[PDB]
Amino acid sequence: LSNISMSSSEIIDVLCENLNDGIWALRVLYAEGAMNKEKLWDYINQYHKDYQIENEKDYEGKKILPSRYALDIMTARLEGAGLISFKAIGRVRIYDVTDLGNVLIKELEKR
Amino acid sequence: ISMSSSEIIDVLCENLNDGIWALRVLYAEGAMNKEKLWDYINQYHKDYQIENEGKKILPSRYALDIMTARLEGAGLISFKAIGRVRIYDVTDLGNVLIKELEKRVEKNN
């Protein structure tokens, strides 16, 4: 009766445009593999920090994730977009990139 | 790669959860600032519940920011910053999900 009114690439473009800083969680998970949310918090801060230092060797800025509140917001954006997902180990959450998240990492670099 | 519009939308639908309330509010009431959205989301959900209680779906600003974050990331709502104020509205993709959910309500009933 009615097709989905936006193409796969138009939808992917919207997800790419709102990814913003979440790209750091994707880079971490893509390079390091699945990880505990707590460790992902640390790695995202380290990846971002090192990337800033690559450009400004005397860089000394604030953590992109200074609080659990910030961590929860960043993962919330990625979970809502279906780019990362998690599995439970008791109260621990193990995160990894999803198929759409991978579909998106490619679509990113290329463009 | 190789994901159809349908496959992608399925993924967005599976992760929407309670965010549907914000899409419904924005669609019905039109664009509004974030503080009003918070009130309306609670008011909308409250009413739905009242006739189906007590607890606010968004009891704190934290809950409000987590819910809107999931929606913004999925590209379902969008906002314009004016100073520290933000005016939100539901997007084309947000309406695609509203329509997709109504299609499912239709099939599941």
# chains A, B, ... in the order shown; residues from 1 in each chain; ligands from 1

$ interface_residues --of "chain B" --to "chain A" --cutoff "6 Å" --atoms "only C-alpha atoms" --output "PyMOL selection string"
chain B and resi 1+4-5+11+15+66+69-70+73-75

$ write_last_selection --atoms "C-alpha atoms" --output "PDB file, in the first residue's frame"
ATOM      1  CA  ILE B   1      26.702  -3.076   3.900  1.00  0.00           C
ATOM      2  CA  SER B   4      17.311  -2.249   2.776  1.00  0.00           C
ATOM      3  CA  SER B   5      15.150   0.645   3.932  1.00  0.00           C
ATOM      4  CA  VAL B  11      16.372  -1.765  13.614  1.00  0.00           C
ATOM      5  CA  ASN B  15      15.369   0.411  19.625  1.00  0.00           C
ATOM      6  CA  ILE B  66      18.539   9.950  27.681  1.00  0.00           C
ATOM      7  CA  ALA B  69      19.456  11.424  22.988  1.00  0.00           C
ATOM      8  CA  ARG B  70      18.257   8.021  21.694  1.00  0.00           C
ATOM      9  CA  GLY B  73      20.799   9.734  17.379  1.00  0.00           C
ATOM     10  CA  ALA B  74      18.255   7.760  15.439  1.00  0.00           C
ATOM     11  CA  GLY B  75      17.442  10.979  13.622  1.00  0.00           C
TER      12      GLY B  75
END

$ closest_residue --among "B:29, B:18, B:89, B:72" --to "residue 58 of chain B" --atoms "only C-alpha atoms"
B:18

$ residues_around --residues "segment 36-49 of chain A" --least-positions-apart "4" --cutoff "12 Å" --atoms "only C-alpha atoms" --output "VMD selection string"
chain A and resid 21 to 32 53 to 76 84 to 97

$ decode --residues "segment 16-44 of chain B" --atoms "C-alpha atoms" --output "short mmCIF file (atom, residue, chain, number, x, y, z; two decimals), in the first residue's frame"
data_model
loop_
_atom_site.label_atom_id
_atom_site.label_comp_id
_atom_site.auth_asym_id
_atom_site.auth_seq_id
_atom_site.Cartn_x
_atom_site.Cartn_y
_atom_site.Cartn_z
CA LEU B 16 12.69 3.16 19.90
CA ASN B 17 10.91 1.85 23.03
CA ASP B 18 9.42 4.64 25.13
CA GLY B 19 10.65 7.35 22.76
CA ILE B 20 7.44 6.90 20.82
CA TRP B 21 5.82 9.32 23.27
CA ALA B 22 8.01 12.21 22.13
CA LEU B 23 7.19 11.50 18.48
CA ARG B 24 3.47 11.46 19.28
CA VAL B 25 3.69 14.69 21.26
CA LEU B 26 5.66 16.52 18.59
CA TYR B 27 3.46 15.29 15.78
CA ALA B 28 0.25 16.35 17.60
CA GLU B 29 1.32 19.59 19.26
CA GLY B 30 3.90 20.85 16.80
CA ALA B 31 7.38 22.17 17.48
CA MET B 32 8.09 23.23 21.07
CA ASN B 33 11.00 23.89 23.43
CA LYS B 34 12.58 21.06 25.39
CA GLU B 35 11.05 21.95 28.77
CA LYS B 36 7.53 21.84 27.35
CA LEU B 37 8.30 18.54 25.54
CA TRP B 38 9.32 17.08 28.90
CA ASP B 39 5.98 18.17 30.48
CA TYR B 40 3.95 17.00 27.47
CA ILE B 41 5.62 13.62 27.29
CA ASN B 42 4.80 13.08 30.93
CA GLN B 43 1.26 14.44 30.45
CA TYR B 44 0.62 12.29 27.37
#
